[PDB]
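K.L.:
Have a look at this one before I ask anything.
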Amino acid sequence: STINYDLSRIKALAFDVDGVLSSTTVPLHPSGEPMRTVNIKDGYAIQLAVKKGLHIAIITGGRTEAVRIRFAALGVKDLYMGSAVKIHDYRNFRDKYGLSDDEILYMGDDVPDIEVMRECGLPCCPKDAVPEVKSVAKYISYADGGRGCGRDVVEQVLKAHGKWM
Amino acid sequence: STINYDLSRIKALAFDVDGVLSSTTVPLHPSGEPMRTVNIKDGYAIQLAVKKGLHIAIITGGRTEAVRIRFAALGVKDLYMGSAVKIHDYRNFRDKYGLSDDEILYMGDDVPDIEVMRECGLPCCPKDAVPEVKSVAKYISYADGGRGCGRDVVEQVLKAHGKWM
Amino acid sequence: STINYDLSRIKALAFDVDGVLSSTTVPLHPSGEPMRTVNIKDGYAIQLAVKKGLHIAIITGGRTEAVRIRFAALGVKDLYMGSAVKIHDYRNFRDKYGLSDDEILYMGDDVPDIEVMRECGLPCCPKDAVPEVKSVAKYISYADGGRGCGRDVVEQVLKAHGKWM
Amino acid sequence: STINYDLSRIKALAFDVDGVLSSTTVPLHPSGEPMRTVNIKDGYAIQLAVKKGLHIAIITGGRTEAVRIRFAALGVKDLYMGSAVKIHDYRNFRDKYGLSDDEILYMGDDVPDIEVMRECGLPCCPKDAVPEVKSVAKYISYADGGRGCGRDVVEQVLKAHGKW
Ligand SMILES: [Mg+2]
Ligand SMILES: [Mg+2]
Ligand SMILES: [Mg+2]
Ligand SMILES: [Mg+2]
C-alpha cells in the first residue's frame, strides 16, 4: 500500500534485523546463535537504494555477524550492532549525515524499536509487528517480517524519487 | 483472547521446547539431530520475564548445546535438558521456589506433556498442539508451536502483573 | 479426516521420505545435497509404533547419513535407502514379515511412489501430493508433506489397535 | 495447457534461481552467503525433462557451488552462473541450440528478469513475483517462488509433448 508520507523527503532508511529484515522464527545454529534469513527481493532493492544515494542503516541489539557481512556486501555502510539503546544509534546515524528526523524512515517490529519509531519521521513496521509497535507506526507493510517488508518500503521510496527505473 | 485464569496468581512459567518454543517441523542437521528454531519475539518476552522476577523454565528431552546456550543467553537459569519423565523436572522447578501448582503455567504440545499439564495450575499449548493436549489445556494460543505462542502467554502474564514494561 | 479403511488390519506402515516425512521445499546444503526436514510429532508416533510392535519402513531414493541416523534413532530398522525402484523394496518389506498387501499402509507424494501405492492395501498421501498420486490414494492427509502427515496416519493406526494410550 | 500457449512448441525451459527455483526468503550461512532452497517436486520434473530431451537452463547471478552441484546432479547441462546480464545468458542458450524465441519458456520473479521475459516466447513467473514481472508474464504460476512453480510449468510442457 502507499505510505502516508511525502516520500520525496526521505533520504535515509533504517532497519531492525530480527522480525524485519530477518524472519521472526529462524533455525538455531549448533553454536546457539540464530541462523537469520535474508530476502532476495529485499536485497535487490537495498543494493539499488545504496547505489542511488539513499543512506541505509541497520540497527540491531545483537552481534548478528552473518547479517553484517551480507548487507556490507550490499553496500550498506551504517551497521549498528549490539545496539542496547537503539535511539542513541539512530541519533548517531541521523547526525552523521546532517539529517533531520523527518528525512528518516525506520522499520521495527518489537518494543525495543518504539523509542526510535517515536523520534523518526516515518516509522514503519511489518504486517506481523507487535500491537505496541503497530500503534506507533505511520505505515504497516503488507509483508511479514523477513518476507519482503524491506523491499516494500525501499521500493516505495525509490519510486517516489524516480530512482526505481 | 485472554487466558481464562487469574494470571496474577502465576509466578512461574515452564515450557516444552520442541513444538512449543521451537517449530514442530525443523531442518535435519547432517549429524542426524534435528535443528531447533527460535522465535525472537518469544525471546524478548522471556528475557524481560526473567528480569521482572517471573521464574522461567524449559523442560525438554533434547540435549543439544544450541538450545541450552540460547536459553541461558536469555537469562533462563532453570534449563532441564535430557528430561526423561517431565513431571519430575516440573516438581523440581515448583519446589525449588516454594511454589504451589496453581502458581505455575506449563505449555506443552504432545502426549509426553500431558502429565505435567494435568498437575500444573495453568496448562496451555500452541494452536497446533495434538488433540489430547488441547483437551487438557485451559488455554490454546493463537500461535503455532515455535511461532510465538511463547510470546503470547509470557506477555499475558506480565501484563496481568503490571510488569509489561 | 479419518482413514476409510479397517485399520485394525494394518500391521505395517511404510513411508517415502522426501515430500512425506520431510518437506517438499528444503534448504540446500553447501555440499549440493538437499537437506531434509523432520517433524517432531511424526517422530514421537513413529518411535511409539516401533515400541507397539508395528513394522515401520522408510523407502527413499535418498542416501543421506542424516536421514539414516534420524530414523535409526527412532528405532526404525527397515531403512530402504538409495531406492531406485521402490516396488522391490516394498515387496521385500512385505515378504520379510510374511505380510499380505491389505495389511500395509504406504504414504507417497510423487510419481515414483505410484507403483507401490497401487499394490499396497492402504495407499495414503500428504495434502500437497501431486494429483496423480492423489488419484491412487485411499486417504489424503490433512497435513502437507513434512508437516505431520506421518503423525496423522500412524496415530490413527495405533488408536485402531488400542496401542495409543 | 492452463498456460495460454501451445506448449508443444516449447523445446527449452530456462529458470532464474532465486525467487523461482529457490525461495525468496532463505537462511543465511554464517559466511554471510544466502543458502538456497530446492524443491523436490521441481527436481523430479527437471530430471525427467532432461531425460525426454527438453533443453533446460538455470540462469543465476549467484556463484554458489551448491546450486551448481544440485542442478548438475539433475542432469542440467546449461548452468549460467556469475551472470549479471541475464539477456546474454538467454540469447546464448537460445543460439547454442538454434532455437527461436517462441520455442523457449523463461520464468523469473524480479525486475532484472524483465528484459529476458520480453524477448522469450513464453514468459512465466511465480505467484509471488513482483507486480512489474507479473505484467509481462503470459502465465503466473499458482505456486510461490521455490515452492513448486518450476514443477508447474515443466510438468505442463511435458504433458503437452506427451512425454510425461
Ligand atoms: Mg526485531
Ligand atoms: Mg514438544
Ligand atoms: Mg517423495
Ligand atoms: Mg530471482
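Simple scheme: letters A, B, ... for chains in C-alpha cells order, numbers from 1 for residues in each chain, numbers from 1 for ligands in the order shown.
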I want to know what sits within 10 Å of residue 17 of chain A, based on only C-alpha atoms, with residues of the same chain fewer than 6 positions away left out; could you give that as a ChimeraX atom specification?

P.N.:
/A:23-24,36-38,58-62,64,67-68,81,107-109,145-146

K.L.:
Can you pull out every residue from segment 16-147 of chain A that DSSP, working from the backbone, puts in strand (DSSP E), and format the result as a ChimeraX atom specification?

P.N.:
/A:25-27,37-39,55-59,78-80,104-107,122-125,139-140

K.L.:
Could you name the residues that touch residue 122 of chain A at 7 Å or less, counting only C-alpha atoms, but leaving out those on the same chain fewer than 5 positions away, as number ranges by chain?

P.N.:
A: 102, 104-106, 138

K.L.:
Counting only C-alpha atoms, figure out which residue out of D:116, D:88, D:146, D:47 gets nearest to chain A.

P.N.:
D:146

K.L.:
For a test of reading the model, state the distance in Å between atom CA of residue 46 of chain C and atom CA of residue 25 of chain C, rounded to one decimal.

P.N.:
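These atoms are spaced 22.2 Å apart.
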